[PDB]
């Protein structure tokens, strides 16, 4: 059996598992993790090849669905999360589509939250219904809407919490109880919080999906994703789509991302603490009307955040205090005055970034769509990196004034 990882002592913590969990060392006894850039494998005999295709031996067969470097990434993340099983993908969106596709054929039914990442909303509203799926949307923060949608038989439920940019929350445990009553499996997209700040499995969720592109990489280099869940689910319908539709993670990208996992704990710790300080600063500034951050007392669901998350995260959203007449122009002026923070759409990088949601991601849905979620022309979003917290505050203060 060639896939058994190096054993760790009983009871080690999340940080230890990030540094050395899941390792598969060769006979050369290299300290750091090897990179197997190969698409295929060789066999000692024809009988061994037959047995490998049958599943009687765990010999590697083809990198589209199994590679020794990819195996290290999958096991390390599985142990950090506390999941039964895991499967790596080419991107975060490949993880979302394939996880849902594994649950939903033509004639099946999906109930989802409306406040989603742009591409996740397109998968749920257009792409899967073109293949015969029935999709119903609800406001994620309204349990009576969830209950109404789930009183007919349902195959799957999908949501993100917190949402982006408005940072609205879903009550995880309450929604999972309702979902199970209707026969559905619950898929949670956990990119905003990371596995350090929010754990869905102890709250009854069936499947958790990640983007590796964001905090896991941590430095903006490559793309990747992962699907996490039950052994039966991962080895069954998920494996089948992965093998035959081929949205496969590169062994090079796996190497980058498994090395990113070693410093995840300390990077999230520092950025969470920095974002908390920055939200408090913005909350006292005379040029600012309101701030949204889950661990700030002004948040409408502050009390729920304190029970289901261990920190607020690495993103702060806020509105400028000016007439709506000049709000777009004022927001543009603020972005253009930054000297340290870069103007960019991404999240989860060591470099700090700023964006104007209303004219980028949410420009499609138009004025009516935006006003329904409270997203005005004066709203700005900042993604907090690893720069000195006082250097960041100085750049923001100068940009506002």
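Positions refer to the first chain, counted from 1.
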Revision key, fill the gap. Mean B factor on CA atoms, stretches 9-17 and 384-392, record says higher is 9-17
**Study point:** Stretch with the higher entry mean CA B-factor, where the candidates are 87-95 and 296-304
**Key:** 296-304
Check your understanding: When the CA B-factors of 211, 314, 219, 329 are compared as recorded in the entry, which is the largest?
Key -> 329
Check your understanding: When you compare the CA B-factors of 176, 272, 190, 263 as listed in the entry, which one comes out on top?
Key -> 176
Study note, to complete from the structure: Chain thirds by Cα B factor, record data; residue 371 belongs to the highest
**Study point:** Third of chain Cα B-factors occupied by residue 36
**Key:** lowest
Review point. What third of its chain, lowest, middle or highest, does the C-alpha temperature factor of residue 230 fall into?
Key: highest
Check your understanding: What third of its chain's C-alpha B-factors does residue 26 belong to: lowest, middle or highest?
Key -> middle
Practice item. Among all modelled residues of this chain, ranked by Cα B factor, put residue 343 in the bottom, middle or top third, i.e. lowest, middle or highest. Key: lowest
